[PDB]
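Quick mapping for you: the protein sequence lines, in order, are chains B and A. Using the deposited numbering, read the first sequence as starting at 1 and increasing by one per residue. Using the deposited numbering, read the second sequence as starting at 1 and increasing by one per residue. Here is the structure we will look at, set down as structure tokens.
Number of protein chains: 2
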Amino acid sequence: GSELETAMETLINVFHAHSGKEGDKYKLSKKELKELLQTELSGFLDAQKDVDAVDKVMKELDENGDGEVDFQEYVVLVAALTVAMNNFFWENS
Amino acid sequence: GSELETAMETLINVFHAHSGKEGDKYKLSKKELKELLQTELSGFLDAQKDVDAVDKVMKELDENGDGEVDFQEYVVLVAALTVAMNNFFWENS
Numbered sequence: 001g002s003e004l005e006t007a008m009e010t011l012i013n014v015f016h017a018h019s020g021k022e023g024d025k026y027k028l029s030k031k032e033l034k035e036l037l038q039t040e041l042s043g044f045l046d047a048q049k050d051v052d053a054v055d056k057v058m059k060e061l062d063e064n065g066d067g068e069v070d071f072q073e074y075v076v077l078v079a080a081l082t083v084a085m086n087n088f089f090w091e092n093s
Numbered sequence: 001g002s003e004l005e006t007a008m009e010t011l012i013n014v015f016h017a018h019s020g021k022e023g024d025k026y027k028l029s030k031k032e033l034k035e036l037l038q039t040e041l042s043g044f045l046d047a048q049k050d051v052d053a054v055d056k057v058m059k060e061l062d063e064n065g066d067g068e069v070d071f072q073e074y075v076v077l078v079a080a081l082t083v084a085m086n087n088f089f090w091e092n093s
């Protein structure tokens with residue numbers, strides 16, 4: 001697998017790293033996820049703390065706050081935050 | 001410099017690489033995405049070419065063929081395959 005595939009596995013491993021914490025073969029719940037998202041995206045989190053996008057994503061995850069959050073749901077949360085800030089990196093470069 | 005941050009940025013680098021190819025300052029045209037997704041996730045794809053999920057995952061992005069597909073669209077697409085493929089990792093293991 002390519003770097004992305006490795007990266008995605010890395011995401012999976014992290015996702016799994018949390019699934020174990022909550023107690024699922026493969027799932028993430030809104031409990032580890034909040035901590036996980038801040039934990040992993042410490043850099044992104046800190047950079048756009050006051051940025052609306054984080055709330056919107058946070059809220060969007062809150063919408064997806066019914067119970068469990070899956071890998072696809074997990075990646076978009078980090079991705080959205082990643083792009084949100086990164087988009088500023090593109091625009092503000 | 002978290003793994004996720006690195007991993008997500010790695011996705012960005014690839015996304016940026018393709019966005020440069022597609023031409024947008026930051027978007028991905030479906031021109032690249034099929035080539036990119038199959039190419040970059042060759043191992044993931046190879047692991048699950050015949051898997052139905054890839055068809056649907058591949059196609060379901062047609063809806064995101066409205067104009068283009070970007071990092072937010074891109075990450076889910078690879079992640080979707082990743083979860084589909086990695087599902088085998090968890091279950092078959």
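Just so you know, even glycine gets a beta-carbon here, dropped at the ideal spot from N, CA and C.
- Within the same chain, Cβ atoms closer than 7 Å to the Cβ of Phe44/A are found at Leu81, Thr82 and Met85, the five residues on either side in sequence being excluded.
- Judged by DSSP secondary structure, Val57/A falls within the alpha helix (DSSP H) whose first and last residues are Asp52 to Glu60.
- The alpha-carbon of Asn92/A is positioned some 15 Å away from that of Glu9/B.
- DSSP places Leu36/B inside the alpha helix (DSSP H), whose first and last residues are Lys30 to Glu40.
- Taking C-beta atoms under 8 Å as the contact rule, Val76/A and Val75/B qualify, at a distance of about 6 Å.
- Taking a C-beta distance under 8 Å as the contact criterion, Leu28/B and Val78/B do not qualify as a contact pair.
- Within chain A, no C-beta atom comes nearer than 7 Å to that of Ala53/B; the closest sits roughly 11 Å away.
- With 16 or more other Cβ atoms from the protein chains shown falling within 10 Å of its own Cβ, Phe15/B counts as buried.
- Checking the DSSP bridge columns, you'll see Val69/A partnered with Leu28/A.
- Among the residues facing chain B, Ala17/A is not included, as its CB has no counterpart in that chain under 8 Å away.
- In this structure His18/B does not touch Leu4/B by the C-beta definition: roughly 21 Å separates them, more than the 8 Å allowed.
- Taking 8 Å as the cut-off, the Cβ atoms of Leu61/B and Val54/B do not count as close.
- Burial state of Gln38/B is exposed, judged by a 10 Å Cβ sphere holding fewer than 16 other Cβ atoms.
- Using a CB distance below 7 Å, the part of the stretch 12-41 of chain B facing chain A consists of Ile12, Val14, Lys25, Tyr26, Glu40 and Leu41, ordered along the chain.
- For the 8 Å CB-CB criterion, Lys34/B and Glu22/B do not form a contact.
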